[PDB]
Amino acid sequence: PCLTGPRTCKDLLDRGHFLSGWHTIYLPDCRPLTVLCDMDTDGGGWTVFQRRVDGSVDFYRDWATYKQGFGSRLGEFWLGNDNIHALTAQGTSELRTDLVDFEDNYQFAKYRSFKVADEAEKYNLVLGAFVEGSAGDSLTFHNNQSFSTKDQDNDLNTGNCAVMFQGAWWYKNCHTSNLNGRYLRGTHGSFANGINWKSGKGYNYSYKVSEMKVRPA
Amino acid sequence: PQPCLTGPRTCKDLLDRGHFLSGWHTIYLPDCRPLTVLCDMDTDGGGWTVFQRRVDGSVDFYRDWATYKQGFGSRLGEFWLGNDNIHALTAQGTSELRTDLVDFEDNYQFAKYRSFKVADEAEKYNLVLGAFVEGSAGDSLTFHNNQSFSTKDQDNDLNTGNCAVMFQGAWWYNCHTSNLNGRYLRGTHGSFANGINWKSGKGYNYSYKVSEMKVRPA
Amino acid sequence: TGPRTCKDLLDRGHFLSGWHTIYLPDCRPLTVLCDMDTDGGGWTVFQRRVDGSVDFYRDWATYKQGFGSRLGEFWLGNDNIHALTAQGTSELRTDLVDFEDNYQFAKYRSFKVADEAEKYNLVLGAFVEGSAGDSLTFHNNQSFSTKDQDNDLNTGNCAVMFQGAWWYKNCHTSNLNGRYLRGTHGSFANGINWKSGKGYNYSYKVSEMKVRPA
Ligand SMILES: *[C@@H]1O[C@H](CO[C@@H]2O[C@@H](C)[C@@H](O)[C@@H](O)[C@@H]2O)[C@@H](O[C@@H]2O[C@H](CO)[C@@H](O[C@@H]3O[C@H](CO[C@H]4O[C@H](CO)[C@@H](O)[C@H](O)[C@@H]4O)[C@@H](O)[C@H](O)[C@@H]3O)[C@H](O)[C@H]2NC(C)=O)[C@H](O)[C@H]1NC(C)=O
Ligand SMILES: CC(=O)N[C@@H]1[C@@H](O)[C@@H](O)[C@@H](CO)O[C@@H]1O
Ligand SMILES: CC(=O)N[C@@H]1[C@@H](O)[C@@H](O)[C@@H](CO)O[C@@H]1O
Ligand SMILES: [Ca+2]
Ligand SMILES: [Ca+2]
Ligand SMILES: [Ca+2]
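First to last, the protein sequences are chains U, B and H.
In this text, residue positions in the first sequence follow the UniProt record's numbering: the first is 97, and each later residue adds one.
Counting with the UniProt record's numbering, you get residues 95 to 267, 269 to 313 for the letters of the second sequence.
In this text, residue positions in the third sequence follow the UniProt record's numbering: the first is 100, and each later residue adds one.
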């Protein structure tokens, strides 16, 4: 069934699967991977590689853990950097970020392309242009930057951005978005260690919900 | 079409076969065609297929005709199974309708019904209800029977204007007795009869927290 | 030619916790909840409390077949738990989460339950460690009781008195299938309680029981 089956969430939408949920697709190397398809938002057909919903899961994790993915299909998760690379290595995927505060305000941001290099290249980010979005652009800042974890500092800071802002990211010096930060529940006094999108609700507010998803453009 | 003799026909068959846990399973409509449904194995004995569910306001139920046509939402949250599917699922033979409704105070309420069917789209997804049977809810969905289902981008109601808009939902609409796909307006709300409203559950000013609409061959 | 435990699944590259299907000693397929995230991962979860939305005060027929929702709380079923732990020694972990979001846990060298004929009798290994303390050893070598089938060592009915289902003795020091009484409660020992953890008056927010081949 490598040849019979679907390759992206967009294919699945095309075959009449209209409910968001966990489906299995086939990577370019025929590796089956079970992913979360968002069939409801902005046309549908999105593959979701990051989800924060309740802070039930700990996102302050080491390199090996971000490499392979972690969390629960039942809630919060990170698909894993190898998988994310695999899903974007060949061709041309757009990127949607979806955010929701505790007041119930939906914000979003969209990007013309999104790709991450392989581990040899430290999961480098190549971000396309900012298209539109109510959350403002807080990711172009992090273009062309390696991913870093607490136990592997690849940022452009003389210190450790992952430790300073309690997360994992394509930190530069340090950040303008921090979606793998701590689930601090709305306003917080600690400086920028939450689920923060600057242009969105700033350095001191942590969203209720965060989702990053890709669709083939 | 006619009852698939070759695999699990309904959530009921699943139960009889030893899937005791509530969850997304897959069945074969009389088409003998597959679809992946939510089976409620736990309630009023078990065996139910759920075509509608609200829980947490996460999803926007104020959608147009084409989107109710095919179903929307998420397997992990609120969802509508789509009217084509719902047709195909009930309008083969006899199948009961149960409704579960929970208030934000954390109680429980219901409303078994004899028989439930939606005619197709060709025929405006007209609802064929049957006799109320029992349930702490009252709303004996007598009205709405023989009524075309209505959205925002179409009309068809007992009221000149959009029943849809004026109340912000979708249902088989002079104007509405029970407004289940309405706006997840957490609790008692000043605005009138636009919330997630049973009628004799909590009137028009209490939108519930949790809602489910399911079916089992009667 | 396929997995027989959550541990196997971990070994093949399934890194996300979730519902997978495994194959039991007889090859009956069984869909279980794999915890791939906690303490090394590879745990099969047979009991889960999360929010109190499921009735746990249930009979023998229901505790035998299992009940609830993969979407939330559930009990895998006594038949299943025995099949899962029929032979090659699985260790048990017990994971507990209070209402201020604090974690306590407990871990046991081994865990096994007999079949229905021996009335799902508890066979438990040695306490190896855990912030929750030991509150299960006390129940070693006791049959399981529900409300409609009293097998305890009490002249009365422990299942009824503490609104639960357990290897009740006279009666319990843990009562994890107890009523979901959110937080501290005046009522005595009828919550999701763990005597050594938070005592007979604190009922937890999350509770999970899980097995992995030792
Ligand atoms: C992405 O960013 C890199 C540098 O950032 C690193 O690499 C990326 C992939 C991430 O993993 C980050 O975390 C890392 O921080 C840019 O590299 C620079 O590109 C510019 C072009 O604008 C180069 O500027 C030129 O360099 C010429 C000579 O380069 C050679 O010598 C230098 C040092 O002497 C050496 O570092 C380099 O490798 C070559 O050997 C020079 O003649 C020319 O006139 C101009 O100065 C700059 O040298 C590059 N630096 C590095 C570190 O290589 C990428 O350009 C950028 N890519 C994209 C797509 O934008
Ligand atoms: C959190 C993180 O990335 N650290 C993990 C920890 O969670 C646990 O999985 C451990 C097992 O020894 O391996 C790491 O140390
Ligand atoms: C709730 C419980 O455990 N009790 C059940 C009850 O709900 C019902 O299903 C009955 C048979 O009709 O079996 C028990 O007696
Ligand atoms: Ca650094
Ligand atoms: Ca009209
Ligand atoms: Ca007794």
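We put the beta carbon where it would ideally sit given N, CA and C, even for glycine.
Exercise. Does the beta carbon of residue 145(B) come closer than 8 Å to any beta carbon on chain H?
Worked result: no
Problem set entry | Contact with chain B by residue 108(U), beta-carbon distance below 8 Å | no
For this session: Could you round the C-beta distance between residue 263(B) and residue 282(B) to whole angstroms and report it? I think they count as a contact, below 8 Å.
Result: The Cβ separation is near 17 Å, so there is no contact.
Exercise. Under 7 Å from any heavy atom of ligand 4, does the C-beta of residue 255(U) make it?
Worked result: yes
Problem set entry | Neighbour flag for residue 204(U) against chain C, beta carbons, 8 Å | Structure shown: chain C not included; protein chains present are U, B and H.
Problem set entry | Contact residues within the region 166-181 of chain H, judged by C-beta distance below 9 Å to chain B | 166, 167, 168, 169, 170, 171, 173, 175, 176
Exercise. Relative to the C-alpha of residue 227(U), which residue among 312(U), 113(U), 265(U), 206(U) is closest?
Worked result: 206(U)
Exercise. Any idea which residues DSSP pairs residue 97(U) with across the strands?
Worked result: Its beta-bridge partners do not exist; DSSP assigns none.
For this session: Report buried or exposed for residue 252(B), applying the criterion of at least 16 other Cβ atoms within 10 angstroms of its Cβ.
Result: exposed
Problem set entry | Backbone secondary structure at residue 107(B) - three-state DSSP | helix
Exercise. Is it the case that the CB of residue 223(U) approaches a heavy atom of ligand 1 more closely than 7 Å?
Worked result: no
Exercise. Would the beta-carbon of residue 249(H) be found less than 7 Å away from any heavy atom of ligand 6?
Worked result: yes
Problem set entry | Rounded C-alpha distance that separates residue 139(B) from residue 112(B) | 14 Å
For this session: Rank 117(H), 115(H), 121(H) by C-alpha distance to the C-alpha of residue 107(H) and give the top, closest one.
Result: 121(H)
For this session: Could you work out which residues of chain B lie near residue 164(H), taking near to mean beta carbons separated by less than 7 Å?
Result: 114
Problem set entry | Start and end residues, alpha helix (DSSP H) containing residue 261(B) | 257-261
Problem set entry | Check your reading: residues with Cβ closer than 6 Å to ligand 2 heavy atoms | 157(U), 158(U), 161(U), 139(H)
Exercise. How many Å lie between residue 124(U) and residue 174(H) at the Cα?
Worked result: 39 Å
Exercise. List, in order along the chain, the chain U residues whose C-beta lies closer than 7 Å to that of residue 117(H)?
Worked result: 168, 169, 170
For this session: Consider the C-beta atom of residue 178(B) and the heavy atoms of ligand 3; say whether any pair is separated by less than 7 Å.
Result: no
Exercise. Closest by CA to residue 142(B), which one among 154(B), 117(B), 288(B)?
Worked result: 117(B)
Exercise. Just how far apart, CA to CA, sit residue 180(U) and residue 212(U)?
Worked result: 7 Å
Problem set entry | Under 8 Å between C-beta atoms of residue 172(H) and residue 194(H) | no
Problem set entry | Span of the beta strand (DSSP E) around residue 205(H) | 202-212
Problem set entry | Residues near residue 294(U) in its chain [Cβ-Cβ closer than 6 Å; skip 5 each side] | 234, 272
For this session: Please report how far the alpha carbon of residue 190(B) lies from the alpha carbon of residue 209(B), in whole angstroms.
Result: 5 Å
For this session: Identify the continuous alpha helix (DSSP H) that holds residue 299(B) and give its terminal residues.
Result: Residue 299(B) -> no alpha helix (DSSP H), and no H or E assigned at all.
Exercise. What residues in the region 122-150 of chain H have a beta carbon less than 7 Å from any beta carbon of chain U?
Worked result: 136
For this session: Report whether the distance from the Cβ of residue 233(B) to the nearest heavy atom of ligand 3 is below 7 Å.
Result: no
Exercise. At a cut-off of 7 Å, is residue 241(U) close to ligand 1 when judged by its beta-carbon and the heavy atoms of the ligand?
Worked result: yes
Exercise. Hey, is residue 310(B)'s beta-carbon within less than 8 Å of any beta-carbon in chain U?
Worked result: no
Problem set entry | Under the three-state DSSP convention, the category residue 276(B) falls into | coil
Exercise. Going by the C-beta, is residue 154(H) closer than 7 Å to any heavy atom of ligand 3?
Worked result: yes
Exercise. Along the chain, where does the beta strand (DSSP E) that runs through residue 309(B) open and close?
Worked result: 305-311
Exercise. Exposed or buried, which one is residue 245(B) when buried takes at least 16 other CB atoms within 10 Å?
Worked result: buried
Problem set entry | Neighbour-count burial assignment, residue 160(U), 16 or more Cβ in a 10 Å radius | exposed
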